Every structure is written in C-alpha cells, then in structure tokens.
Amino acid sequence: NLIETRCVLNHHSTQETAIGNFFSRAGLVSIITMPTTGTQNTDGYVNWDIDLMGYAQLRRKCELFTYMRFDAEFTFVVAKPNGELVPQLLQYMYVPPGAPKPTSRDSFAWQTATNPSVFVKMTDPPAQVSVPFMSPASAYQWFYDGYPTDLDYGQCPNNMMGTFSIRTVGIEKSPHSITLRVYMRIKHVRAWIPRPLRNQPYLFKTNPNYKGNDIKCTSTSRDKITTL
Amino acid sequence: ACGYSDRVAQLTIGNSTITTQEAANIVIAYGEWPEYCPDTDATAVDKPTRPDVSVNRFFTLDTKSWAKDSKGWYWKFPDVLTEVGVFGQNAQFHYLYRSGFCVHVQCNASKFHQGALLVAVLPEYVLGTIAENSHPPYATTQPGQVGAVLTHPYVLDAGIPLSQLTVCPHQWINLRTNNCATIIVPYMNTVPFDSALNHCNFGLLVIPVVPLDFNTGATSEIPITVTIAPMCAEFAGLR
Amino acid sequence: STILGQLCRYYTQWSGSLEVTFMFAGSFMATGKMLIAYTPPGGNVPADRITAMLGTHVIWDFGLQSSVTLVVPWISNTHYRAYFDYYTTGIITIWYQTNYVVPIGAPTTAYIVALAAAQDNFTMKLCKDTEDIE
C-alpha cells in the first residue's frame, strides 16, 4: 500500500549508510551436519572451504563492488540436531591456503602445528576466531575478466581464504550427531569501484551466467504509461 | 562532451593527427589521472620500460556501423591493442604491463538523424552465457580490435541492469546535441602490474539506448569511430 | 599538372619538403571521416585501413574541416641516364575511415580537390631544357 500520513521531517544519520554498517552483523554462512551414520559420515570429519558466495543474500551485497578488503570473525554454534548439548570435545582446524587438507578422520593434517586448531567442548560457549586478509593481492575481487593461466574463466584463486576442518576428538567415533552453524562477521571493510546490482537470478557460485530464455525485467509492469 | 558550437581542433601525438572539436567536457574515470606506477620491490630491481616511442599515440580502430537494429558493442582492454602495432609486440614480450587510456568515441550523423548512445567503462567486465554450466568462449571474452556485439543488452550479457550502468564512468552521445564522448581511464587492479594477455582490466561499452531513426532516403548506417590513446604505459619484463 | 612538377623538369636535381592540401566540395550537410596516410620511401604501401593507421596518418573529418593539409617531410631526386630517377619518395593513400553520411535532399556523391606546393626548404640545381614541348 501507500498510506500518505506520518511524514518524517528530519534527516536520519548517514552512519547507517556507511560501507561498514552495511556489511556488519554476523550472518549464517554455512550449516555442517555430521550424523553418526547416514550418507557422508562413516568418516567422522568435515572440510568446509570458507565460501562467501554461499548465500545469495550476502553475495548480491558484495557484487555491488568490484574489489573488497576485510577481516572475518567466525563463531561456531554447535549442538545435537535437536538442540541438546552433550559433553563432547570438538576440534576446529583452520587449513590456510596452500596447505594440505585432512583426507581421513585421522590424517597427519590434524597434527600439523602450522594449521592452527581450536579445541572446545560442545558445552562451552561458542568458539570465536578472527581470520585476516589472506589474499596475496591488495584486495579480494569478485570479478576477474581474465584467466589465471575456457573452463577456468573469471576464476581468481587469490580470493582463496582457507578451509575449516571440523571433527570430534578421540580415537573412536562420536556417539552423537552434530549440527554446526557457522556465523561470519565482516570487520574493517573497504570497497572499490561500484557496479550495477544483480537483477537476474543466480545460476552458479563461480560465474554471472543467467537464464537467457527467462530474462526478468528490473521493474514490475503496468497497463498504460499514464495509469498509476 | 563534444557537440555543435565547438571550435574544431587538430590534435597530434607522434605520427598521428585526428581532427576533433575541442570540448573540455571530458570524463575522468573515478576522479583520477593516469600515472606512472608507484615503487614496488619487483621493478626496483628491474625498472619498468616506458616506451614513449610509437606507443603513446592515437590508435584509431576500425569504424563500426550503427543501424536501426544494432544491439550494442564492447571491446576489452588491453586486449583491443594486443594484436596491434608496437603496443602489441611491446605487450607480448613483456611479462608485466600497466597503463591508462584516453578513450574517444565519435559519431558522424546529419541533423535529420536521431539517436542516443551510452558510452561506459566497466572494470573487470566478466561475461555470462544463456545456460547448464558453460563459461563463455575465448572469442567473445577477448574480441580484439573488431570488438563484439552484445546479445542481451538489457542485462549487458552479465545479468546486470543496463538501466544502472551509469554508476560507472560514462558519457552520453545524443545525436541531437553532441556527437562524441571522451573518457580518461586510470589503471585499476588489485596489484601494480598484471599480465597484458591474461587479464582484461576493463571493458568499453557503447550501447544505443534510444535507437537510430531517420526517414528512408538518409544514410541508413551511422559510423561510430573509436580512437584510443595509451597514457603512462609501462612494461616490466623482469630481466 | 602542378606548376611545381613543370618547373622540376627544367632542372636535374631537387630536394625538400612538400605540402599537399585536400579540399572537400560536397554539400554542407555531409559528414564523415577520411584517413590520409603517407608511406615513407622504400616502404610497403598499406594493405588495409588498419595498417595505414599505424603509419604516419591524418584522420580528416570533413564534417568539421573543409580542408586539411599533409606534409611530405622529405623527397630527393638525382636524375640520370642509362633514363632513371634516383627518386626517394613516399606514397599518399586516401582511405574511407567512415562511409559518406548525408541526409535526405543532399547529393550522394561529392568531390575532393588536391593542391600541392613545395615548402621553403625546397631547392633545385643544374638546369636542363625540358622535354615537355616539341
């Protein structure tokens, strides 16, 4: 509707429209599930590569800019699938870029001193850690009009932020199923070169391809250009 | 930029001379002038070649013809001059490249013609396809001197509204008034020097927003002429 | 046809710069761009518009200037017998950068007039009666 009453005659604060405030707040970036036994868990571990283009909500927000630079704060909210908590010791390991990821529930990777790991009990309050600006370049870039060497187009590996490897501690498998929610917050944001806002549904994580038969209009329609 | 009631001028840079009206109605991309790369450890042990020879001059590309049904065109940089002149062989023997550009799009039409072109520069112009998964071919990602034609101009072949392309360095060419646009583009990247053959720092788009029209009897195709001039071009081979 | 070329026959050697002027006569309503290119002596005549553009050239928009002048930097001659000319000289090539644009009501064919002359540094030596008469 359009109720034309209650007119805001004061200017609001510009702080609210600042790049920082626009990209603040911890949002859910991933939901890992490690059941006792089902499809992908006779393993006992999980490897989640840090990915932002996961949720279209946040992705659209980022693709408003060409380059971005920032730190990331990760919070690990875990519990059993029904919300119950048990005295289970877990380990979250950060495998930097260029480092080898665990390939089994007990690879050497889990003992490698250089892969920082945080140990916490599912009873303890959520673990929290900050990851810096990993790129070897001055900024992450959501668009690369070149090739890093076709099927490898637009792909820039200098945005690779790392991997998080989750697993229960202990030599034997855990009796409990675990559902872990990963929250991320962008700190100290800086953005460059603003670009048009995505107006077509997303088709893939790694590229702007859009459905070309069903091209949606940026705006809704009306009958005549005079009817309002 | 340039229109009627502007004193005609003859600019020369090297062995090139273009006659174009002096209209200080120029667009300077993102507010910055093209400059020579600040110091970096890499070219601090191997200075960057700055061929002011036949590299800093006016490269006038082949003229494109605008008809009543044209969808628009686009060229990628530095790709466009990769296959041309000393900027080409200079951009192939050298590992690292860096440069800026004075871009000049120009029209030639009669006062009985009508139309409006939008000229814009879009950094990191990545393209998409109609789709299944299939990253666009090398022939449409790097079109060369000829340039390429947009297939879905409304979403710029990348799923983004043309209606919003103006948040990028642009300049309109309304046949009614001015017949030419000028844009100064500075180097933009996440690192001082990139490969001139792998990465295309940006794209030049010329899309007709208000279609060409005229009465039958007038020249049916209006010529769009693009002239490029590298500014503060640097090359670093690392030897 | 030029007064210069006629007087050159009255001498054996000569050298200097030359300037060629092009004048466009078509309707005031016509516009378009022509590309003028000078290919230096001992150079391959341009094959296409694009190569000509890479050499010494001038983009002439007759919608803006009704006339444009090109300068041949340097020519030389040392006339001998065996009849052969030790003529060091370039090639002027006129290309269509854009097509000829015109509205309704205007001629679709116009003409260009070419005028030429020697510059100040031009000089000649060693007289010799011409072969232009009989």
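Positions are assigned from 1 on a per-chain basis following the written sequence, which can diverge from the numbering of the entry; residues without coordinates are not listed. Here chains are named by letter from A upward and ligands by number from 1 upward, in the order in which they appear as written. Every figure reported here is calculated on the shown chains, themselves a piece of a larger assembly. The side-chain numbers reported here are obtained from all heavy atoms of the structure, hydrogens and water having been left aside.

- Going by what the PDB entry lists, chain C is known as Polyprotein, capsid protein VP3 and is assigned to Human coxsackievirus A16.

- The name the PDB entry gives chain A is Polyprotein, capsid protein VP1, with Human coxsackievirus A16 as the organism.

## Here we look at the overall build of chain C
Moving on, step 1. Only runs of H or I of at least four residues qualify as helices and only runs of E of at least two qualify as strands under DSSP, and these elements are numbered from the N terminus. Of regular secondary structure, chain C possesses two helices and seven strands.
Moving on, step 2. Going residue by residue from the N terminus, the α and β elements of chain C occur as α-β-β-α-β-β-β-β-β.
Moving on, step 3. Radius of gyration here uses only the C-alpha atoms, and the compact-globule reference equals 2.2 Å multiplied by the residue count raised to the power 0.38. Relative to the globule expectation of 14 Å for 134 residues, the C-alpha radius of gyration of chain C, 18 Å, shows a markedly less compact shape.
Moving on, step 4. For chain C, the spread of C-alpha atoms along the three principal axes comes to 55 × 35 × 25 Å.
Moving on, step 5. Counting the 134 residues in chain C, one finds 40% classified as buried.
Moving on, step 6. Residue-level accessible areas treat just the shown protein chains as cover; the underlying method is Shrake-Rupley with a 1.4 Å probe. For chain C, the computed accessible surface area is about 7700 Å², with 59% contributed by carbon and sulfur atoms.
Moving on, step 7. When charges are counted, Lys and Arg contribute as positive and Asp and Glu as negative, whereas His and the chain ends are disregarded. Note on charges: their place is set at NZ of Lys, CZ of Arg, CG of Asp or CD of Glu. Between the mean site of the 6 positive side-chain charges and the mean site of the 9 negative ones, chain C shows a separation of 5 Å. Burial here depends on accessible area, computed with a 1.4 Å probe over protein chains only, as a share of the maximum for the residue type. Under 20% is buried, over 50% is exposed, and the range in between is partly exposed.

## A short note on the arrangement of the chains
Moving on, step 1. Any two residues having at least one pair of non-hydrogen atoms within 4.5 Å are treated as being in contact. Ranking by contact count across two pairs of chains in contact places chains A and B at the top.
Moving on, step 2. Separating chain A from chain C is a minimum C-alpha gap of 26 Å, and the two share no contact.

## Considering the environment of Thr98 of chain C
Moving on, step 1. Within the fold, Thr98 of chain C resides in the loop between β5 (91-96) and β6 (112-118).
Moving on, step 2. Note on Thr98 of chain C: relative accessible area 3%, which makes it buried.
Moving on, step 3. Linking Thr98 of chain C and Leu115 of chain C, residues 17 residues apart in sequence, is a C-alpha distance of 23 Å.
Moving on, step 4. If we ignore the near neighbours within four places in the chain, the residues touching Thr98 of chain C are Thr63, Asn108, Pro223 and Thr225 of chain B together with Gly32 and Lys33 of chain C.
Moving on, step 5. By the criterion applied in these results, polar contacts are pairs of N or O atoms within 3.5 Å in which, for protein atoms, one can donate a hydrogen and the other can accept it, and in which residues neighboring in sequence qualify only through two side-chain atoms. Polar contacts involving the side chain of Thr98 of chain C include one to the main-chain amide nitrogen of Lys33 of chain C, which spans 2.9 Å.

## Remarks on the interface of chain B and chain A
Moving on, step 1. Contact with chain B, which involves 42 residues of that partner, is made by 39 residues of chain A.
Moving on, step 2. Accessible area that two parts lose when put together, with a 1.4 Å probe and added across both, is what the buried area reports. Between chain B and chain A, the buried area comes to about 3400 Å², and carbon and sulfur atoms account for 56% of it.
Moving on, step 3. On the chain B side of the contact with chain A, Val126, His135 and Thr190 of chain B bury the most area, a combined 22% of that side's loss.
Moving on, step 4. For this document, the term salt bridge refers to a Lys or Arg side-chain nitrogen within 4 Å of an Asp or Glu carboxyl oxygen. Where chain B packs against chain A, one counts one salt bridge.
Moving on, step 5. For the pair chain B and chain A, the interface holds 17 residue pairs in polar contact.
Moving on, step 6. Elements represented by at least two residues in the side of chain B that touches chain A include exactly β9 (114-123) and α2 (138-141) of chain B.
Moving on, step 7. Looking at the side of chain B that touches chain A residue by residue, the class counts come to 22 nonpolar, 15 polar and five charged. Each residue gets one label: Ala, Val, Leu, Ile, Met, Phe, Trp, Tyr, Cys and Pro are nonpolar, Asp, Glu, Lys and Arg are charged, and the others, such as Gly, are polar.

## Side note on the packing of aromatic side chains
Moving on, step 1. Centres within 6.5 Å are what make two rings of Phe, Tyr or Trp a pair, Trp counting through its six-membered ring; a difference in plane orientation under 30 degrees is then read as stacked, over 60 as edge-to-face, and the rest as tilted. According to the stated counting rule, one finds 33 aromatic pairs over all chains in the structure shown.
Moving on, step 2. Measuring from centroid to centroid gives 5.5 Å for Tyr74 of chain B and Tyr125 of chain B, while their planes differ by 75 degrees, and the two rings are edge-to-face. With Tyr74 of chain B in strand β7 (residues 73-77) and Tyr125 of chain B in the loop between β9 and α2, this pair connects stretches of sequence that are 51 residues apart.
Moving on, step 3. Members of the aromatic cluster, each reached through a chain of ring pairs, are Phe77, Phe87, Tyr97, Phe101, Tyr187, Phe202 and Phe235 of chain B.
Moving on, step 4. Two conditions define a charge located above a ring, namely a distance within 6 Å from the ring centre to NZ of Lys or CZ of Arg, and an angle within 35 degrees of the ring normal. The residue whose ring lies beneath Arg195 of chain A is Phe143 of chain A, and the NZ or CZ to ring-centre distance is 3.7 Å.
Moving on, step 5. A cation over an aromatic ring shows up here: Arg57 of chain B above the ring of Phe59 of chain B, its NZ or CZ 5.1 Å from the ring centre.

## Some words on the state of the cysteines
Moving on, step 1. Note on terminology: pairs of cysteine sulfur atoms within 2.5 Å are recorded as disulfides. Taken as a whole and assessed by the stated rule, the structure comprises one disulfide over all chains.
Moving on, step 2. Put simply, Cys2 of chain B and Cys180 of chain B are joined by a disulfide, and their sulfur atoms are 2.0 Å apart. Taking the sign of the S-S torsion, about -115 degrees here, the bridge from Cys2 of chain B to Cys180 of chain B comes out left-handed.
Moving on, step 3. Lacking any disulfide linkage, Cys168 of chain B is separated from the closest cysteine sulfur, that of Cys200 of chain B, by 16 Å.
Moving on, step 4. You can call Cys168 of chain B buried: its relative accessible area is 4%.
Moving on, step 5. The thiol of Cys200 of chain B is not disulfide-bonded; the next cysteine sulfur, from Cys156 of chain A, is found 14 Å away.
Moving on, step 6. Using a relative accessible area of 1% as the deciding quantity, one classes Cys200 of chain B as buried.

## Regarding the interface of chain B and chain C
Moving on, step 1. Taken together, the contacts link 34 residues of chain B with 26 residues of chain C.
Moving on, step 2. Note on chain B versus chain C: buried area summed over both sides is about 2300 Å², and carbon and sulfur give 56% of it.
Moving on, step 3. At the level of elements, β3 (16-19), β5 (59-60) and β14 (222-236) of chain B are the ones that each hand at least two residues to the side of chain B that touches chain C.
Moving on, step 4. No other element matches β3 of chain B, which puts four residues into the side of chain B that touches chain C.
Moving on, step 5. Any two strands are treated as partners once DSSP identifies two or more bridges connecting them. Across three bridges, the pairing between β3 of chain B and strand β3 (residues 56-61) of chain C is parallel. Each bridged residue has a counterpart across the sheet, and for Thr17 of chain B the counterpart in β3 of chain C is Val58 of chain C.

## What to know about helix α1 (residues 85-93) of chain B
Moving on, step 1. Buried within α1 of chain B we find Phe87, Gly88, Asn90 and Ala91 of chain B.
Moving on, step 2. Buried-residue contacts for α1 of chain B involve β5, β8 (96-107) and β14 of chain B.

## Observations concerning the sheet that holds β3 of chain C
Moving on, step 1. With respect to topology, five strands assemble into an open sheet ordered β2(B)-β3(B)-β3(C)-β2(C)-β5(C), the strand pairing being mixed. Each of the sheet's edge strands pairs with one partner strand only, and the pair in question is β2 (10-12) of chain B together with β5 of chain C. Across the sheet, the axes of successive neighbouring strands diverge by a mean angle of 15 degrees, strand direction being ignored.
Moving on, step 2. In terms of strand pairing, β2 of chain B meets β3 of chain B through three bridges, oriented antiparallel. Bridge pairing links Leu11 of chain B to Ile18 of chain B in β3 of chain B. Geometry is summarised by axes, namely lines fitted to C-alpha atoms with helices restricted to the contacting stretch, and by angles between N-to-C directions that run from 0 to 180 degrees.

## Description of the sheet that holds strand β5 (residues 117-121) of chain A
Residues and elements named next belong to chain A.
Moving on, step 1. Taken in spatial order, the four strands make up an open sheet running β2-β8-β4-β5, and their pairing is antiparallel. Because the sheet does not close on itself, it has two edges, and the strands there are β2 (45-49) and β5. Averaged over all pairs of adjacent strands, the angle between their axes in this sheet comes to 20 degrees, without regard to strand direction.

## Things to note about the pattern of salt bridges
Residues and elements named next belong to chain A.
Moving on, step 1. With the rule as written, the count across this model stands at 13 salt bridges over all chains.
Moving on, step 2. One salt bridge in this structure joins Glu63 and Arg59, with 3.0 Å as the shortest N-O distance. Accessibility classification places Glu63 together with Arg59 in one group, the buried group.
Moving on, step 3. Between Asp124 and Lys121 there is a salt bridge whose closest N-O contact spans 3.3 Å.
Moving on, step 4. What makes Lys121 partly exposed here is its relative accessible area of 45%.

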